[PDB]
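Chains, contacts and geometry: an overview
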Amino acid sequence: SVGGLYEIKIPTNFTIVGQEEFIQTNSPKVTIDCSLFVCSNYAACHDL
Amino acid sequence: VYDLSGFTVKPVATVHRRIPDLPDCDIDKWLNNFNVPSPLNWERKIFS
Ligand SMILES: *[C@@H]1O[C@H](CO)[C@@H](O)[C@H](O)[C@H]1NC(C)=O
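Numbers given to residues start from 1 along each chain, in the order its sequence is written, and need not follow the entry; residues that have no coordinates are not shown. Throughout, the order in which chains and ligands are written sets their labels, letters from A for the former and numbers from 1 for the latter. What you see is one piece of a larger assembly, and the values refer to that piece, not the whole. With hydrogens and water set aside, each side-chain value is computed from the structure's full complement of heavy atoms.

**Concerning the state of the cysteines**
Covalent bonding between the sulfur atoms of two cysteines defines a disulfide. Residues and elements named next belong to chain A. Here is the rule we go by: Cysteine sulfur atoms are paired as a disulfide whenever they fall within 2.5 Å. Only protein chains enter the accessibility calculation, which uses a 1.4 Å probe; a residue whose area is less than 20% of its type maximum is buried, one above 50% is exposed, and one in between is partly exposed.
The final tally for this structure, using the stated rule, is one disulfide over all chains. For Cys-39, the disulfide goes to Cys-45, at an S-S distance of 2.0 Å. Residues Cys-39 and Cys-45 share a disulfide whose torsion about the S-S bond is about -70°; that sign makes it left-handed. Here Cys-34 stays free of any disulfide, with the sulfur of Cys-39 as its closest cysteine sulfur at 8.5 Å. Accessibility expressed as a relative area gives 55% for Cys-34, which makes it exposed.

Structural data, given as structure tokens:
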């Protein structure tokens, strides 16, 4: 501080900048038919 | 709301395809041969 004053850079001209942000709030609702995935339609597999 | 396991559509017919691997005997081709021998000089062919 020279004489009680500090050197500061103060803006003399400005613009607006746009900044886009994506926030994920959802995901695909995956549904699995567990019996059809594991065994398809085979009776011996469904029994096991 | 309940996701009910609807049946898979049952196949109505069967399709089989496979290379026969071994060649055809073609017994008819040799039997249809017009130059048939006499019993005196009977011809012999082995189909293996
Ligand atoms: C501010 O900047 C813009 C673009 O750089 C210019 O058109 C405008 O004249 C400037 N204004 C001042 C006061 O410096």
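Still more to cover.
**Section: the packing of aromatic side chains**
All names here are of chain B. Keep this limit in mind: Aromatic contacts are taken between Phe, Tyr and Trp rings whose centres are within 6.5 Å, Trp giving its six-membered ring; a plane angle under 30 degrees counts as stacked, one over 60 as edge-to-face, and the others as tilted. Secondary structure follows DSSP: runs of H or I at least 4 residues long count as helices, runs of E at least 2 residues long count as strands, and numbering of each begins at the N terminus.
The tally for this structure, following the rule as stated, stands at one aromatic pair over all chains. For the ring pair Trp-30 and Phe-47, a centre distance of 5.9 Å and an interplane angle of 70° mean the geometry is edge-to-face. One end of the pair, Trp-30, is in helix α1 (residues 27–31); the other, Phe-47, is in the segment after α1, and 17 residues separate them in sequence. On the basis of relative accessibility, which here comes to 30%, the residue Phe-47 falls in the partly exposed class.

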